[PDB]
Amino acid sequence: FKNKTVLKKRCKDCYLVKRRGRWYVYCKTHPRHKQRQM
Amino acid sequence: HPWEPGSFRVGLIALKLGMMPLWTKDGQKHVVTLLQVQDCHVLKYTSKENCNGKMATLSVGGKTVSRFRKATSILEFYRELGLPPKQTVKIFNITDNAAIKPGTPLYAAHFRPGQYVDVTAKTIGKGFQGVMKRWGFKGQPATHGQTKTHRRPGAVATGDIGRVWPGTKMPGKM
Amino acid sequence: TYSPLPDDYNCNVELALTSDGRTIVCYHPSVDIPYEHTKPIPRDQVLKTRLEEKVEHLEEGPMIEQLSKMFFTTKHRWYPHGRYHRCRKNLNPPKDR
Amino acid sequence: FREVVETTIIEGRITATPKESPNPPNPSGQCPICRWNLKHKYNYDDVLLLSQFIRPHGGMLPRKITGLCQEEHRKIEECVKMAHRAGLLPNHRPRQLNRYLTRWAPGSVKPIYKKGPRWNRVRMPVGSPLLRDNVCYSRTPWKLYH
Amino acid sequence: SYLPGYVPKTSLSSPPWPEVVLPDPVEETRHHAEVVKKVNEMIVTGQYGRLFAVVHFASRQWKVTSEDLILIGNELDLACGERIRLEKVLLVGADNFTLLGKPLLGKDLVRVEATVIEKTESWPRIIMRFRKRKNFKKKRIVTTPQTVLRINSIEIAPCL
Amino acid sequence: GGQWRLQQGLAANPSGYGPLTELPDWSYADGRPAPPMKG
Amino acid sequence: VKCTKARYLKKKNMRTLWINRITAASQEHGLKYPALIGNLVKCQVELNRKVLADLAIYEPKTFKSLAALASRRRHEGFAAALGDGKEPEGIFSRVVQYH
Amino acid sequence: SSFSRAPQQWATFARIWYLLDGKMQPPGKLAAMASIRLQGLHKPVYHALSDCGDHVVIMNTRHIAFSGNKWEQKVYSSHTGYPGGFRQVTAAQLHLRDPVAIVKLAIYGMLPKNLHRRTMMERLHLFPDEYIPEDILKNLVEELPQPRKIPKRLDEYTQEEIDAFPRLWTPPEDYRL
Amino acid sequence: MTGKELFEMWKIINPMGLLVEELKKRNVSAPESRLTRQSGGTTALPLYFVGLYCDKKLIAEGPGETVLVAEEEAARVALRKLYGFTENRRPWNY
Ligand SMILES: [Mg+2]
Ligand SMILES: [Mg+2]
Ligand SMILES: [Mg+2]
Ligand SMILES: [Zn+2]
Ligand SMILES: [Zn+2]
């Protein structure tokens, strides 16, 4: 994951999920698109 | 009662007799301390409800000392147990299945060889000792200009905290 | 059916106004406790009955802890004070009613 | 309602359904709440209302089926979350610290180790901001931040 | 048939305080007349003893009873031992009843009588001003005149 | 209760222009009017 | 200097003590202090806080009568506010007028 | 009241034992109504120099309820004055170690910061469960009412209340629910 | 005798006996002592309010540190009420 203030979906398989009180971008096809809200 | 898993028995009080070599079959020297059990007699039992604590207790006493040099209450306690006065009494936290009737002799063979034990005693007193013996401080150099400063603590703290922190390793009784 | 306050703990308050409207009249007779609400009052063959006069002397620490537990206070009340304050105290205090 | 039974044969059966109570006091209203004059008069305690709008195992029912407006639906959702956390719905359960007015999921807040200065103070949120327009019945407003 | 306005019983539908119905004014006026008659008959018969009063005097309010001593903080232009009538009585009360003025009770209803028994001075009061580093220091000593009055009688009359 | 007293026209301070401040404090017990107060 | 300024401080602290004792007695009657004070002024009773604390301590039946009077005045105020029209004023809400 | 001088003083300045219950109750509301009575601020004979406090006995301090997320967000800070001895424990962790500590600390923080505070705190008694010692139980006068009314879980509602509340919406008769 | 109580001027020994003698001489049943109010009890600072009842009607009440000092007091309050020398009585007319 990479820490980001603005989260962006870089594929059509990227999904925004809020867990542990923070939004997250998870991608099961391109895991480089993993993103953590700061 | 028989030994159930998770139980806890009593211990003894032994006089430290000394030290001796002991060689094992591989040819390894293994110094050993000789602890002699003088007159260990269980002296008191306390139940979990009375002993405010999570286990019962069994007071055990060691060496026979002089009645003439003991106190009336201690001397009255030993009169009702029918035993001479002991030097030290220690409290051994035991489960309820390990209660031994007060006034009962404990022997060295309560322990058995090849076993592991914990030994508590007061350490040798060194008096008021400085930082080099009490805490391993490095001291200061002998020559090269030093004024009356060779075995002293250096700074004890920093200038911003206008005090000395609690627990600072300073000279004292060792 | 209206009571400004409940009428069962001090007095039976009745408020009124005079016909001119200039003064307020309060009638407050006392409320008495009911008997049903009360409780009843709570209730060596050969020798003489020697008086059981024992007074164990307690040291200062245990005695102060015993007094603190008895009266629900702390220890500082029971420690002494010195001669300056002790002679400073007024031993002939002003008494009104 | 409708149930599905698996015995391999699976079949759907229609079961008895509740109906709306006969005469709403405000028939011109648009969502069930508006109709029954409950615009700002319901809290997390009102499980006799939250139970009407939840699923049997604790989840919420969707808006196109309950008829609720978006404002109401989000307020009901937050009230149901707070009721579940307070423990007021013991039979709507899935598959000890007493709480009430719990906004966030209790496993997802971090401790306030560094409260700030009295001018930038990290407050503790209490209740829900969605219920700000609820009727006060008091002369001090609700305190959403403790 | 739910009337137009029925809010179902939720926690914030109804006010949290109980609903209070005040007495109807006609029967309450009659009850007030009965209470006033009872207290008036109590005054006529004399079913009281040791009245107290709240009396406005010298910008101050004093709760006084008979045989009492009050210290007035100025001179009053009366010779010692002189009997005067305290006149602005806010309240007079007894065991089992109390009479409340709005704000002053009738002089046909209550009399407070007092006696000047002392015209004295206060003990010296020190007024000292001091400001640091500005050579400022001043001392004045004052003694306020004072007048002790004894409350003698509090008498109520049947006038309600 | 100053705003309420103003709404009834009775000043705002109860030590202002009413009978409670302007009536004489006392009188002689025989009934003679006292000399007028200085304030 | 401390003696000279402690005159002002004595007056302030004595008023604070009276307010505390009046609050205690009103809460013993289920009333709050602002309610008692405001509704007694509305009842045109001009007892000050010194004598109100004194009545709280030494004449508790008189103080319960006063707390009842303030409670009634508050209830009449609430009834008038909800009525909003021209219902009769309320028996204890009438104001004796002076000219 | 026609009492003698000594029994009248004794009655006026006597000490009263009040019982307060926790059980689903905000710690600080318990603490407010406890600190008033420990100070003696509820007596109209109150004065800071009259030793007029009362005994307060608080039961079920293990079952207090915090509003919001205070169970994980509140932190009780302490320092054993050794270097590195700053400790911070959440409200949940302290409730799990000492079940009376939270209520005790709230009452202590609400008491006046004078030298009369620990005397009042010795007149306070706190018990984690429904057990109170017999001697304390035989000293009580007046159980105070509880600050929070307890919201009443859904299974506790009577069928009269359930069928008195109107059904707001009609469900579609084909939904799986 | 202005601000003084009766038993501060007239010293008595046993007010319960004096009270039962006066009740007997006016055809009234003997007073039963009953515990009306109680605070503490186990403590070293208890408060007891003992009330004296006659035909289940309260005639007097008194406080004390013991139940027995409260009953003596309640008897003294009853005696003051019956003899008319009470605190709330009408003051002397001078
Ligand atoms: Mg070296
Ligand atoms: Mg040199
Ligand atoms: Mg050297
Ligand atoms: Zn992606
Ligand atoms: Zn709507």
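Positions of Cβ are backbone-derived with ideal geometry, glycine not excepted, and every protein chain shown enters the neighbour counts. Each reported figure results from applying straightforward, stated rules to the coordinates on display, with no laboratory input.
Scanning residues 5 or more positions from residue H:69 or on other chains, those with amide H under 5 Å from its amide H are D:103, with H placed 1.01 Å from N in the peptide plane.
Each residue of the range D:13-19 was assigned a 3J(HN,Hα) from its phi angle through the Karplus expression (A = 6.51, B = -1.76, C = 1.60, θ = phi - 60°), giving 10, 8, 9, 5, 10, x, 10 Hz with x at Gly and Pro.
Here r is the Cβ-Cβ distance between residue H:9 and residue I:11 and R0 is 22 Å; the resulting FRET efficiency, rounded to 0.05, is 0.60. Measure nothing but the geometry: give the 0 to 90° angle between the long axis through the Cα atoms of I:15-24 and the longest principal axis through the Cα atoms of chain I, rounded to 10°. The angle comes out near 70 degrees.
So if I take the centroid of the Cα atoms in the range H:146-162 and the same for chain A, what is the distance between those two points in Å? Centre-to-centre distance over Cα atoms comes out at 43 Å. From the alpha carbon centroid of the range C:1-48 to that of the range D:9-48 is 52 Å. Between residue B:31 and residue G:15, the simple spin-label model (points 7 angstrom out along Cα→Cβ) gives 8.3 nm. Within a straight-line Cα-Cα reach of under 18 Å, residue H:23 can be paired with the following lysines, leaving aside sequence neighbours fewer than 8 residues apart in one chain: H:70, H:104, H:149, H:152.
Largest mean-square fluctuation among B:132, B:20, B:55, in a Gaussian network model of chain B whose springs join Cα atoms under 10 Å apart, belongs to B:132. Direction-averaged projected area, Cα convex hull, the range B:21-101: 8.6 nm², rounded to one decimal.
The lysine pair tally for chain D, using Cα distances under 24 Å and a gap of 8 or more places or different chains, is 20. Taking each full run of DSSP H in chain G as one helix, which ones are at least 24 Å long along their axis (Cα atoms) and have mean Kyte-Doolittle hydropathy of at least -0.5? The answer, listed by residue number, is G:60-83. Longest exposed-loop-site-free stretch of chain B, with chymotrypsin sites (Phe, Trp or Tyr not before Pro), DSSP loop and at most 11 other Cβ within 10 Å? Free of exposed loop sites, the longest segment is B:4-106. Both the radius of gyration and Dmax for chain B are 24.0, 73 Å, in that order, over alpha-carbon atoms.
Taken about its Cα centre, chain G carries a charge dipole of about 840 debye when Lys and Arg each add +1 at the Cβ and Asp and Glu each add -1 at the Cβ. Measuring between their Cα centroids, the range B:9-26 and the range H:1-25 lie 67 Å from each other. Restricted to Cα atoms, the range E:1-125 shows a radius of gyration and a Dmax of 24.3, 82 angstrom. With each label modelled as a point 7 angstrom along the Cα→C-beta vector, the residue I:83-residue C:97 pair spans 2.2 nm. Run the paramagnetic zone check for residue A:34: 7 angstrom along Cα to Cβ, then residues of the range A:1-25 with backbone nitrogen under 12 Å. Under 12 Å, as judged by backbone N against the label point of residue A:34, lie A:1-3, A:25 of the range A:1-25. The long axis of helix H:101-110 is offset from the longest Cα principal axis of chain H by roughly 60 degrees. Considering chain B as a Gaussian network with a 10 Å cut-off on Cα pairs, which listed residue, B:109, B:14, B:142, attains the greatest mean-square fluctuation? Between B:109, B:14, B:142, it is B:142 that shows the largest mean-square fluctuation. FRET efficiency for the pair residue I:42 and residue C:67, taken as 1/(1 + (r/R0)^6) with r the Cβ-Cβ distance and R0 = 22 Å, rounds to 0.85.
With contacts taken as Cα pairs under 8 Å and at least 6 residues apart, chain E reaches a relative contact order of 25 percent. Along the range A:20-36 the Karplus relation, 6.51 cos²θ - 1.76 cosθ + 1.60 evaluated at θ = phi - 60°, assigns HN-Hα couplings of 6, x, 10, 6, 9, 10, 10, 9, 8, 10, 10, x, 5, 8, 4, 9, 10 Hz to successive residues, with x for each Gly and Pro. Candidate cross-link partners of residue C:39 among the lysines, defined by an alpha-carbon separation under 21 Å and a same-chain spacing of 8 or more, comprise H:138, I:56, I:57. Normalised by the number of residues in the range H:1-145, the average gap of Cα pairs under 8 Å and 6 or more apart makes the relative contact order 33 percent. In a simple Cβ point-charge model (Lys, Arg +1; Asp, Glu -1; nothing else charged), the range H:1-135 has a dipole of about 460 debye relative to its Cα centre. For residue B:138, a cut-off of 30 angstrom between C-alpha atoms picks up these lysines, skipping any fewer than 8 places away in its own chain: B:122, B:126, B:148, B:169, B:173. Restricting the GluC sites (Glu not before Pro) of chain G to loop positions (DSSP other than H, G, I, E, B) with no more than 16 neighbouring Cβ atoms within 10 Å leaves G:89. Here residue E:14 and residue D:57 are evaluated by their C-beta separation; at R0 = 41 Å the FRET efficiency comes out at 0.80.
Its residues counted as N, chain D yields a C-alpha radius of gyration over 2.2 N^0.38 Å of 1.32. Inverting the pair-averaged 1/r between distinct Cα atoms of chain G gives 15.1 Å as its Kirkwood hydrodynamic radius.
Mean partner shielding of peptide B:105-118, defined as the number of other chain Cβ atoms within 10 Å of each residue Cβ, is 0.
Both radii were evaluated on the Cα set of the protein assembly as shown; the Rg over Rh quotient, with Rh as the Kirkwood radius, amounts to 1.05. Per-residue mean of foreign Cβ neighbours for D:30-36 is 3 (Cβ atoms of other chains, 10 Å radius). Among the trypsin sites (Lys or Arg not before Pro) found in the range E:65-160, those both in a DSSP coil and sparsely packed, with 12 or fewer other Cβ atoms within 10 Å of their Cβ, are E:132, E:133, E:134. Spin-label pair residue E:45-residue H:121: with each label point 7 Å from Cα along the Cα-Cβ axis, the two points sit 5.9 nm from one another. Starting from the range B:13-48, pick out the trypsin sites (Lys or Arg not before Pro) whose DSSP state is loop and whose Cβ has at most 15 other Cβ atoms within 10 Å. The qualifying sites are B:25, B:48. Residues whose amide H comes within less than 5 Å of that of residue B:130, counting only those at least five positions distant or on another chain, are absent (H built at 1.01 Å from N in the peptide plane). Against chain E, whose longest principal axis comes from its Cα atoms, helix E:25-45 is set at around 50 degrees.
Mean projection of the Cα convex hull over all viewing directions, computed for chain C: 18.4 nm². For chain H, the calculated P(r) over all alpha carbon pairs, in 10 Å bins from 0 to the bin holding the longest distance, is 8, 27, 27, 18, 11, 6, 2, 1, 0 percent.
Put +1 on the Cβ of each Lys and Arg and -1 on the Cβ of each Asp and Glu in chain D; which of D:129, D:9, D:87 then has its Cα farthest toward the positive end of the dipole? Final value for the positive-end residue is D:129.
Each peptide in C:87-96, C:14-23, F:15-24 was scored by the mean count of other Cβ atoms within 10 Å over its residues; highest first, the order is C:14-23, F:15-24, C:87-96.
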